[PDB]
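Next comes query08.pdb, with PDB, C-alpha atoms and all ligand atoms.
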ATOM      1  CA  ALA A   2       6.029  15.246   1.761
ATOM      2  CA  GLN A   3       2.510  13.869   1.367
ATOM      3  CA  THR A   4       1.256  10.873   3.350
ATOM      4  CA  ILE A   5      -1.630   8.535   2.488
ATOM      5  CA  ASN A   6      -3.200   5.593   4.291
ATOM      6  CA  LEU A   7      -4.463   2.647   2.219
ATOM      7  CA  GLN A   8      -6.896  -0.089   3.195
ATOM      8  CA  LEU A   9      -5.815  -3.272   1.420
ATOM      9  CA  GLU A  10      -7.443  -6.663   0.689
ATOM     10  CA  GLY A  11      -6.023 -10.053  -0.064
ATOM     11  CA  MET A  12      -3.093 -10.278   2.381
ATOM     12  CA  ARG A  13      -2.889 -13.793   3.638
ATOM     13  CA  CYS A  14       0.698 -14.167   4.919
ATOM     14  CA  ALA A  15       3.957 -12.394   5.430
ATOM     15  CA  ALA A  16       4.890 -12.974   1.804
ATOM     16  CA  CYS A  17       1.873 -10.882   0.809
ATOM     17  CA  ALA A  18       3.066  -8.019   3.070
ATOM     18  CA  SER A  19       6.457  -8.304   1.385
ATOM     19  CA  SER A  20       5.039  -8.298  -2.112
ATOM     20  CA  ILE A  21       2.967  -5.195  -1.356
ATOM     21  CA  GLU A  22       5.923  -3.412   0.246
ATOM     22  CA  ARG A  23       7.985  -4.188  -2.860
ATOM     23  CA  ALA A  24       5.269  -3.081  -5.281
ATOM     24  CA  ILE A  25       4.984   0.225  -3.369
ATOM     25  CA  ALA A  26       8.802   0.664  -3.295
ATOM     26  CA  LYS A  27       8.953   0.313  -7.128
ATOM     27  CA  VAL A  28       6.695   3.335  -7.494
ATOM     28  CA  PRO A  29       8.845   6.321  -8.382
ATOM     29  CA  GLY A  30       8.078   9.048  -5.852
ATOM     30  CA  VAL A  31       7.686   6.929  -2.748
ATOM     31  CA  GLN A  32       9.737   7.898   0.247
ATOM     32  CA  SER A  33       8.475   5.522   2.971
ATOM     33  CA  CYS A  34       6.027   2.589   3.514
ATOM     34  CA  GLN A  35       4.770   0.787   6.625
ATOM     35  CA  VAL A  36       2.306  -2.138   6.696
ATOM     36  CA  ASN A  37      -0.049  -3.190   9.470
ATOM     37  CA  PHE A  38      -0.458  -6.858   8.791
ATOM     38  CA  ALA A  39      -3.477  -7.774  10.872
ATOM     39  CA  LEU A  40      -5.460  -4.732   9.738
ATOM     40  CA  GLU A  41      -4.309  -4.874   6.095
ATOM     41  CA  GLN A  42      -3.345  -1.159   6.156
ATOM     42  CA  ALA A  43      -0.383   0.674   4.620
ATOM     43  CA  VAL A  44       0.869   4.201   5.393
ATOM     44  CA  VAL A  45       2.872   5.616   2.479
ATOM     45  CA  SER A  46       4.769   8.940   2.194
ATOM     46  CA  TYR A  47       5.484  10.125  -1.374
ATOM     47  CA  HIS A  48       6.490  12.964  -3.755
ATOM     48  CA  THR A  52      -0.223   9.552  -7.750
ATOM     49  CA  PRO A  53      -2.180   8.166  -4.866
ATOM     50  CA  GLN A  54      -3.804   6.556  -7.956
ATOM     51  CA  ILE A  55      -0.300   5.535  -9.012
ATOM     52  CA  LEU A  56       0.109   3.783  -5.653
ATOM     53  CA  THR A  57      -3.259   1.990  -5.619
ATOM     54  CA  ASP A  58      -2.689   0.901  -9.247
ATOM     55  CA  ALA A  59       0.733  -0.631  -8.351
ATOM     56  CA  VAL A  60      -0.782  -2.581  -5.449
ATOM     57  CA  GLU A  61      -3.605  -3.804  -7.718
ATOM     58  CA  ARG A  62      -0.996  -4.928 -10.301
ATOM     59  CA  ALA A  63       0.653  -6.961  -7.491
ATOM     60  CA  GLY A  64      -2.671  -8.692  -7.021
ATOM     61  CA  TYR A  65      -4.211  -6.915  -3.994
ATOM     62  CA  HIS A  66      -7.172  -4.480  -3.749
ATOM     63  CA  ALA A  67      -6.356  -1.010  -2.409
ATOM     64  CA  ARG A  68      -8.367   2.120  -1.482
ATOM     65  CA  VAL A  69      -7.224   5.477  -0.139
ATOM     66  CA  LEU A  70      -8.482   6.271   3.385
ATOM     67  CA  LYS A  71      -9.589   9.893   4.147
TER      68      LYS A  71
HETATM   69 CU    CU A 101       0.493 -14.443   1.058
END

For the file at hand, write its structure as structure tokens.
Ligand SMILES: [Cu+]
Amino acid sequence: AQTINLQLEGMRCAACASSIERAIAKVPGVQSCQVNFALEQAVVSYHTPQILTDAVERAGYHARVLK
């Protein structure tokens, strides 16, 4: 697969982590997602990084790919 790391903004509580995890899981192609709450980071494996960041932004959070 391919794996990307995202730096997120706007997570304020566990419900935010859940919303983001759900937004990512509704993206066709995604295989796996983990969120680091304190650091506002996600690691996502998928089968379109722009697809992922766009989904997170639609859920109401900022997202950028880390390189
Ligand atoms: Cu929240």

Chain and number of each residue from the PyMOL selection byres (((chain A and resi 36) around 10) and not hetatm), as a list in words: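 Applied to this file, the PyMOL selection byres (((chain A and resi 36) around 10) and not hetatm) returns residues 6, 7, 9, 18, 19, 21, 22, 34, 35, 37, 38, 39, 40, 41, 42, 43, 44 and 45 of chain A.
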
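Nearest to residue 47 of chain A of all the residues A:13, A:71, A:66, A:27 is A:27, counting only C-alpha atoms.
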
Calculate how many Å separate atom CA of residue 60 of chain A from atom CA of residue 25 of chain A, rounding to one decimal. 6.7 Å

Identify, counting only C-alpha atoms and all ligand atoms, the protein, DNA and RNA residues located within 8 Å of ligand CU 101 (chain A), and give them as a list in words. residues 11, 12, 13, 14, 15, 16, 17 and 18 of chain A

Compare A:33, A:58, A:46, A:69 by their minimum atom-to-atom distance to residue 2 of chain A, counting only C-alpha atoms, and give me the closest one.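 Looking at the shortest contact to residue 2 of chain A, the residue is A:46.
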
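With distances restricted to all atoms listed in the file, A:56 is the closest residue to residue 26 of chain A from A:62, A:67, A:56, A:3.
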
In Å, rounded to a single decimal, give me how far atom CA of residue 55 of chain A is from atom CA of residue 23 of chain A.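 Answer for the atom CA of residue 23 of chain A to atom CA of residue 55 of chain A separation: 14.2 Å.
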
May I ask for the distance between atom CA of residue 29 of chain A and atom CA of residue 48 of chain A, given in Å to one decimal place?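 Calculated distance between atom CA of residue 29 of chain A and atom CA of residue 48 of chain A is 8.4 Å.
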
Please identify all polymer residues within 7 Å of residue 24 of chain A, counting all atoms listed in the file, omitting same-chain residues fewer than 4 positions from it, and present them as a ChimeraX atom specification. /A:20,28,59-60,63

Mind working out the centre and edge lengths of an axis-aligned box for segment 21-27 of chain A, all listed atoms inside, 4 Å added to each side, rounded to one decimal in Å and written as lines of an AutoDock Vina configuration file?
center_x = 6.0
center_y = -2.3
center_z = -3.4
size_x = 14.0
size_y = 13.9
size_z = 15.4
